[PDB]
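One chain follows as structure tokens, the form deposited in one PDB entry.
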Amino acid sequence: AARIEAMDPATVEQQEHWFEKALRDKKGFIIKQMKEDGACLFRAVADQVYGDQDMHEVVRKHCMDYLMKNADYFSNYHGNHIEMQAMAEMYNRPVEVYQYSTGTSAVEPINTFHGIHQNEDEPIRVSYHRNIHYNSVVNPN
């Protein structure tokens, strides 16, 4: 039952909520909720680039085009860090990923992907989360 209390959406929510409070308090950033579909970061990026998540298909399409035009290089390495690098280069802006952690200063990006050159453009910042979801476990037998 310790397992269960620990995985309760209650404790997970409290952590995610604390993480929101921290980001705001330490960096002044605000996590904005995107619509829930897939492991896709296209909605989050669209909000970062266009101020509108419903532009996700535009972002996805350019990303796919940019990957494909750069196949040989990207071939060396779904595969979200590949998408993230592509999008940093294509928008020429750094992409920063944030995530809850109990390590020191969770409020620092867990990783930063760089565009082509440095400039004064605001970085693209996204939030990595893993949301509780239940499926149905069927027994045909």
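Whichever C-alpha set is largest while still superposing within 1.5 Å between the two forms counts as the rigid core. Counting begins at 1, following the sequence as shown.
If you look for the form deposited in another entry, you will not find it shown, but the lines that follow are about it.
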Self-check item: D121: Cα shift of 2 Å or greater between the shown form and the other one (core-aligned)
Solution: yes
Practice problem: Determine, after fitting the two forms on their core, whether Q14 shows a C-alpha shift of 2 Å or more between the shown form and the other one. | Solution: no
Exercise. Might you say whether the CA atoms of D37 and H133 end up closer or farther apart in the other entry than in this form? Their distance differs by 3 Å or more.
Key: closer
Quiz item: If the CA atoms of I132 and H129 move by 3 Å or more in the other entry, do they move toward each other or away, so closer or farther than here?
Solution: closer
